[PDB]
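Overview (structure and organization)
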There are 2 protein chains.
Amino acid sequence: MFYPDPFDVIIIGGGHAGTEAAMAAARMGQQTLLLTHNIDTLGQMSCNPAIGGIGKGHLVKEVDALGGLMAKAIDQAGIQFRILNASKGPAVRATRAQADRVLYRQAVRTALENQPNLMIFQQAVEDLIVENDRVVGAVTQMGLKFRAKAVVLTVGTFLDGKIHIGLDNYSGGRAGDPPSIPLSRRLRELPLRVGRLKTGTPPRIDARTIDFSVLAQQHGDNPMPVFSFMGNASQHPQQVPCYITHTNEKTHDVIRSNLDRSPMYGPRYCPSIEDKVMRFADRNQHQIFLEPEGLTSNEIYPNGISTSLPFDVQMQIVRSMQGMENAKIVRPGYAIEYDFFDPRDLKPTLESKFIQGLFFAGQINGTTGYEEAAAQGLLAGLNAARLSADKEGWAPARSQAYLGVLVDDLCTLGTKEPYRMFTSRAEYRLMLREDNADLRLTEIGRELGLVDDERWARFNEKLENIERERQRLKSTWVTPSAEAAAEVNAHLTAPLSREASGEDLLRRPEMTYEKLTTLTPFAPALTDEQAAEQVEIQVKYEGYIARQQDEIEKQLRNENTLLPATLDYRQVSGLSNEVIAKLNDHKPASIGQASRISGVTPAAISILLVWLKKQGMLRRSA
Amino acid sequence: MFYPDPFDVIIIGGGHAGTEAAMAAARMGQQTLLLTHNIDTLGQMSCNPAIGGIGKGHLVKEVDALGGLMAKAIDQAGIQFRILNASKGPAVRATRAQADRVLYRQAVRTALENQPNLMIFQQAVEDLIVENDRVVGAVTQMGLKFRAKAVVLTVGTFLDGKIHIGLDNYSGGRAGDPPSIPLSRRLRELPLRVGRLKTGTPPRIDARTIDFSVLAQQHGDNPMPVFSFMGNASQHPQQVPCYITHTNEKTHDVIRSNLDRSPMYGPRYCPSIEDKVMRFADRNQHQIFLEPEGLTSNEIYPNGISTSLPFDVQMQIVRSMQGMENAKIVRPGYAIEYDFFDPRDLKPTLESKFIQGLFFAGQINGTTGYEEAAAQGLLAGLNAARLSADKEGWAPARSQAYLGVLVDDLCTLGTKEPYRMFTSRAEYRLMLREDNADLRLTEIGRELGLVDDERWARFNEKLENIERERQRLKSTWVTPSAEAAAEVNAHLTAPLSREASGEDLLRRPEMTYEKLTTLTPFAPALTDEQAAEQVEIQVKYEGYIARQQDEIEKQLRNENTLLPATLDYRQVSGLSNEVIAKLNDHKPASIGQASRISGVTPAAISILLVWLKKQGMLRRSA
Ligand SMILES: Cc1cc2nc3c(=O)[nH]c(=O)nc-3n(C[C@H](O)[C@H](O)[C@H](O)COP(=O)(O)OP(=O)(O)OC[C@H]3O[C@@H](n4cnc5c(N)ncnc54)[C@H](O)[C@@H]3O)c2cc1C
Ligand SMILES: Cc1cc2nc3c(=O)[nH]c(=O)nc-3n(C[C@H](O)[C@H](O)[C@H](O)COP(=O)(O)OP(=O)(O)OC[C@H]3O[C@@H](n4cnc5c(N)ncnc54)[C@H](O)[C@@H]3O)c2cc1C
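Residues numbered from 1 in each chain as written, not as in the entry; some residues may be left out. Chains lettered and ligands numbered in written order. Part of a larger assembly, values for the part shown. Heavy atoms only, no water. Residues with missing side-chain atoms left out of burial classes, pairs and counts.

In the PDB archive, cryo-EM is given as the structure determination method for this entry, at a resolution of 4.02 Å.

1. Description of the overall build of chain A
Scanning chain A from N- to C-terminus turns up 20 helices and 23 strands. A compact globule built from 622 residues would reach a C-alpha radius of gyration of about 25 Å, and chain A, at 27 Å, matches this within 12%. Its C-alpha atoms put chain A at 85 × 75 × 55 Å along the principal axes. (Helix = DSSP H or I, 4+ residues; strand = E, 2+ residues; numbered from the N terminus. Rg over C-alpha atoms; globule rule 2.2 N^0.38 Å.)

2. Looking at the site of ligand 1
Residues and elements named next belong to chain A. Residues in close proximity to ligand 1 total 30 residues, the closest being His16, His37, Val155, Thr199 and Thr368. A distance of 3.4 Å separates an oxygen atom of ligand 1 from a polar atom in the backbone of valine 155. A distance of 3.3 Å separates an oxygen atom of ligand 1 from a polar backbone atom of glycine 369. With the chains in place, 91% of the 990 Å² that ligand 1 exposes on its own is no longer accessible. Top contributing element to the shell around ligand 1 by residue count: strand β13 (residues 194-201), with three residues. Here the residues of the shell around ligand 1 are counted per class, giving 12 nonpolar, 17 polar and one charged. (Near = heavy atom within 4 Å. Polar contact = N/O pair within 3.5 Å; in protein donor to acceptor, adjacent residues only side chain to side chain. Areas by Shrake-Rupley, 256 points an atom, 1.4 Å probe, with all protein chains shown as cover. Nonpolar A, V, L, I, M, F, W, Y, C, P; charged D, E, K, R; others polar.)

3. With respect to the interface of chain B and chain A
Of the residues lining the interface, 47 residues belong to chain B; the matching set on chain A comes to 45 residues. Around 4200 Å² of area is buried between chain B and chain A when both sides are counted, 49% of it from carbon and sulfur atoms. The interface formed by chain B and chain A contains six salt bridges. We note a salt bridge from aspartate 40 of chain B to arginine 105 of chain A, for which the minimum N-O separation is 3.3 Å. Linking chain B with chain A are 14 residue pairs in polar contact. Within the residue set of the side of chain B that touches chain A, elements represented by two or more residues are α4 (101-113), β6 (118-122), β12 (168-171), α8 (311-319) and β19 (329-331) of chain B. (Contact = heavy atoms within 4.5 Å. Buried area = accessible area lost by both parts, 1.4 Å probe. Salt bridge = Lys/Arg side-chain N within 4 Å of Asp/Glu carboxyl O.)

4. Considering the environment of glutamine 571 of chain A
Mapped onto the fold, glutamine 571 of chain A is located in the loop between α17 (556-560) and α18 (577-586). Each C-alpha atom of the pair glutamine 571 of chain A and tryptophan 611 of chain A lies 9.4 Å from the other, and the pair is 40 residues apart in sequence.

5. As for the pairing of strand β1 (residues 9-12) of chain A
Residue and element names in this part refer to chain A. Where burial is concerned, the two faces of β1 agree: the one with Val9 and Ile11 and the one with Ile10 and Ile12 are both buried. In this sheet, strand β2 (residues 32-36) lies alongside β1 in parallel orientation, the contact comprising four bridges. Bridging from a neighbouring strand, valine 9 pairs with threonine 32 of β2. One ladder, built from three bridges, connects β1 with strand β10 (residues 151-153); its direction is parallel. Bridging from a neighbouring strand, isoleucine 12 pairs with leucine 153 of β10. (Buried < 20%, exposed > 50% of the residue type's maximum accessible area, 1.4 Å probe, protein only. Pairing = 2+ DSSP bridges.)

6. A word on the sheet that holds β12 of chain B
Residue and element names in this part refer to chain B. As summarised here, the arrangement of the four strands in space is β12-β11-β20-β13, forming an open sheet in which the pairing is antiparallel. Here the strands that pair on one side only, and so sit at the sheet edges, are β12 and β13 (194-201). Taken over all neighbouring pairs, the strand axes of this sheet differ in orientation by 25° on average, direction set aside. Where strand β11 (residues 162-165) lies against strand β20 (residues 334-341), three bridges are found, and the strand directions are antiparallel. Pairing of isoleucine 163 across the sheet is with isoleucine 336, part of β20. (Axes fitted to C-alpha atoms, helices over the stretch in contact; angles between N-to-C directions.)

7. A look at the site of ligand 2
All names here are of chain B. Taken together, 28 residues lie around ligand 2, and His16, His37, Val125, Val155 and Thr157 are the ones closest in. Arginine 174 is positioned such that a nitrogen or oxygen atom in its side chain is 3.3 Å from an oxygen atom of ligand 2. For the shell around ligand 2, the elements supplying multiple residues, two or more each, are β2 (32-36), β13 and β20. Top element by residues in the shell around ligand 2 is β13. It accounts for three residues. Its residues assigned to classes, the shell around ligand 2 shows 11 nonpolar, 16 polar and one charged.

The structure is reproduced here in structure tokens:
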């Protein structure tokens, strides 16, 4: 029954969050155990085979900078690479990759399979062990049960999910996988409010039944970009293009005629296609993408045609488009409904506020998307390994990582939509960029021992280059009567009228970095342009960064002021009943986090501070 | 409900037999449809990751010579290659390959995914449609149902199987896959007797917890062999070795002490390890192999340590061996029990004798092993596509293919052991070799349109080379007083005493082919040694081949004499009651097949022939 070796941390579910948690825990020198249903599914993509995008590439970069694996399994599995918002400011760009599925799966499995201090095990779980608000050990299906000092759950969408097609349904975790039914009931016993969500995916087409000779082609950028701060372009496999098609009035007529057979007729947008037509009935054209699932299989994923209608309607819609006159379907589209926990009963370190040692990550946190689970799993594993070693935990803030924004929003949002990350959703966009993620996370990774020697050396060299470039550019001066100043005035507006300097010379918006590096002064730029772009970004954004920094420094006291979960707001005088109920329901962790809740005003926080001072629950508030 | 396109043949289950059936049906110019649970499992190996062996390589060669895929997916996925019985006669050699699992899976999937006239579909089946002893169409789970003129079942071990560990059990098709329960009941309604069998597999070890520094290594053959008659050695990936270890008295003591916890305490041999110790208690040493599952994963398959004991005993046995003092297990060992049909109610063309158009192949035919299913599936698909096109079927005999022997034995054996192919199990070993499989099957493949142009050209060139070599060796003559005969007599015993010839010169057993080719006469041999070995084999085995040929030619009349399944042997005078019951139970297809049944004597067949002549059910018997 009892396994004769105790472990530090046990992860349940090796999906997109479990793998990151296991890697983070093992790399931090703690004995890690990973339980999963079945192997060869590690790194499986059950949806659009794409990585990154607007708001998703930032999470990938954050995971990579802190010692992740998603950014490294994509450099050897991407069949198309593009940069989004390339023409706009550098703070908003993103990198999106159409990925070969098998190469990604194998990269993930091989990287995870050779990780020291970690062991994997293929078995389901059926219950957990808890006594005195402490979780210790998990129970498998055969009868063998383990013991550990910390447990992380990354079930995802397998918590008692049903596949829905048309008006019919059947049990299933996803297309071809079984459901984890009993664990849903066992967790329902725990003091966690549980709800249900539903999302769908479209069918798959056969590439050798589509006449691509009349379909428009789309390509990526000529210089293929990279995700990780370590690899280069020599690791990418061969490239393939994408095909673009549209719909026509016959498809809309068929959808409207057969709209009766649907469970519906809901997010604030339109995920399906019948929603697309009904919400906007005047539009008569839509864009559909066809992209290959890999460079060695002829299955085409159609993007933009997701629905929940029965099979006949699906076939008619597929067969009523240009270039799809005679098409075959290998995998029917379908939706799935799964359980989740409301993210208002766990600490910002992704630990349940009621149980000691229990952590949550992945889809069960009311989110969606590959990138939205890797960061959660990595942080959960980090905190679990810190706790098992008896050291204080860690959690990022809204001003240093998109992960902090994600956690804070999931804690104090209260909406019902699946959580999708967007660039504008964070209030510190101007500094929470992609190229500087390592510069703001790798030192923390090193302090907690999540970064090995190669990354440390690379970052030290990059920082040295940045500092030397800054100093050398600060060490130049020019005058209007300078011997070489004629050409400087020729191709620069507003010619020099007084003592000039490169640090001030570049302040003009029209000038760039490489242009200044090509000059009689301002000697040739450093060979590592990756470090060179940093100085340009800093010089262009210095004023806004300074303003935001002195803004952030002011809320630090409210950030530090913690509120224990045992607090009973009914024992506070001067607060309205609605505010009391709201604060009792949310149970924030800090006064600043409470202030971010909708419905609380500065008067409420002032009264709360007075009450805290009265009860002595705060050392000081300055 | 009804799919708007009728197909020629529908295969249910894309495993090891379904893929071959689909390829054979599609390559024969018939619209083929393949239903499966889930994709990315095509080509999965759920047991020892090895291909070929004694009696299994012959089936692989037969499949390859007739247009198969197993022999082509192994040349790009094998990590170790060896020849068994290399020192013995060429008629008994075999080729065995330790294979990388992922490369095999991807080769299979990519080869199957680009097959013209074939389409794949991911869906389970829940029932079949039959009227008036005819099967037309199958029903899926969602509700969509198809129509076809022929149906082939390749379920394998998913027909309502249970996983067993120790004294506990749970539903499962295998480690990580769901069971197909309702189809088992639906097939129970069909007039086919059903039974249950059980077989197990050992656990998996972690390669980075085993001290291989004190373990013996094993190697293959430097001159690499080849499976397919098309590829070469340039397609094989990098090679890896295998490790060898043993057991000791502590393991036996632990097994004996904890023998109580076992469902048992059965094939005529000992599949498990506790059986190994109990059946032969005097032996105190056993051989265990450790082989890598691939060149990119550190999971080690242990061969020779299969069992059904609980997990604690498994761990003790693993930890009580040299080099395994501190070992980890990633996948526990387990057994499975599954349903099957008794192979006495189907025609030799793998068609049920009662239903029209229904075919059986794979594990459901009471067999085991990868190679034992591919041939069955290929033949079933061939016959189904022939039937759907309204042409006479085909079935090999015992004298031209191991498939004929396999089918004949499964029809008229009556034992309970899982059927494993062995070289000595066939009575025509001397001609049913491996190197000549194409020479005896590719012409039939071409006649039925299973062979494309490349194989046809290669075989035509090879046959031309063989014929020219035969003629040129027949066109030589030597004399004792020959000018170059001094050396001939020097290195050959019994010097020439009369007119000599190479066709007679090579008749000496000590002489070889290459030695004769490197002589004053008998100019250098042809560059294609693959064709050169054929003449050596023919000249060495001519007498035995001639004897066996004139033997086989005599039973052809009994082979041709068919016996309809509607025959009622109770209406025959002069036959004993036991013989009547036996023949009614078996219901053979030919008088020769009936004679191969145990318990029938020549008197019975003579009386049967007399009765047939009386009733006029035979045109003639000569
Ligand atoms: C029908 C469908 C629709 C989708 N729609 C969208 C969409 O609209 N937008 C979008 O962004 N993404 C969508 N997706 C993708 C989805 O968000 C991701 O595929 C996935 O849910 C996120 O990964 P995860 O790690 O959070 O969960 P999963 O990948 O589901 O995690 C499950 C993994 O953990 C293992 N596991 C789980 N529970 C256990 C347990 N108890 N014991 C052991 N092992 C366990 C499983 O074996 C598996 O490896 C969709 C997917 C499907 C199938
Ligand atoms: C516990 C265990 C022990 C084993 N022991 C041995 C051993 O001792 N010796 C040995 O040689 N082999 C052993 N094996 C391997 C196995 O017995 C066979 O060697 C081999 O797997 C045969 O596979 P198959 O293709 O015939 O069928 P399977 O792999 O069992 O299934 C065939 C395929 O058809 C699909 N399918 C089935 N039903 C349907 C349906 N209704 N609709 C759609 N698709 C369907 C399945 O999903 C699968 O992909 C063992 C396997 C297990 C799990």
